[PDB]
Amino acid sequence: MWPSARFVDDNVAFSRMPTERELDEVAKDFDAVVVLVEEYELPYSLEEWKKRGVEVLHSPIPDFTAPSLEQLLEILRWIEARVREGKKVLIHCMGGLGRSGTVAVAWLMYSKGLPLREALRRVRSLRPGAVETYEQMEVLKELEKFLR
């Protein structure tokens, strides 16, 4: 297993950016990748995944910012679609874990129904530093109100 990945359930993990020499290593374990950074901050083309047969959701979120609620729900629905087909999904931004940690917390909330306080504690137990900003916290609170 690519040891930088941390799983929040059997099928969904989050990590830092894989480097180019790690792409086969990721493709072996993950059939889908959610890429939360703009192309300009990547050191390879996302075509690298296509030639490996790995499905890609490219949904950029600017550095240190939160996704909109609609963007977050689109990402969650896509992750659910892949998990329903039995694939494993890797979520990543850069090296920080604000954006990727936000999606990981949201996934526990969306897929398991965990309350925000428990989903947050769980993901921060995996990587202290998941969910960096007040705005990232606020979109998670909006997600909770949407789910109920």
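Position 1 is the first residue in the sequence shown; the rest follow in order.
As recorded in the PDB entry, 81-89 is the stretch of 54-62 and 81-89 with the greater mean C-alpha temperature factor.
When the mean C-alpha temperature factors of 117-125 and 99-107 are read from the deposited coordinates, 117-125 comes out higher.
Annotation for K145: C-alpha temperature factor in the highest third relative to the rest of the modelled chain, per the entry. Ranked by Cα temperature factor within the chain, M137 sits in the middle third according to the deposited record. Annotation for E70: C-alpha temperature factor in the lowest third relative to the rest of the modelled chain, per the entry.
Ranked within its chain, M17 lands in the middle third, by CA B factor from the PDB record. Annotation for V37: CA B-factor lies in the middle third of the chain's modelled residues.
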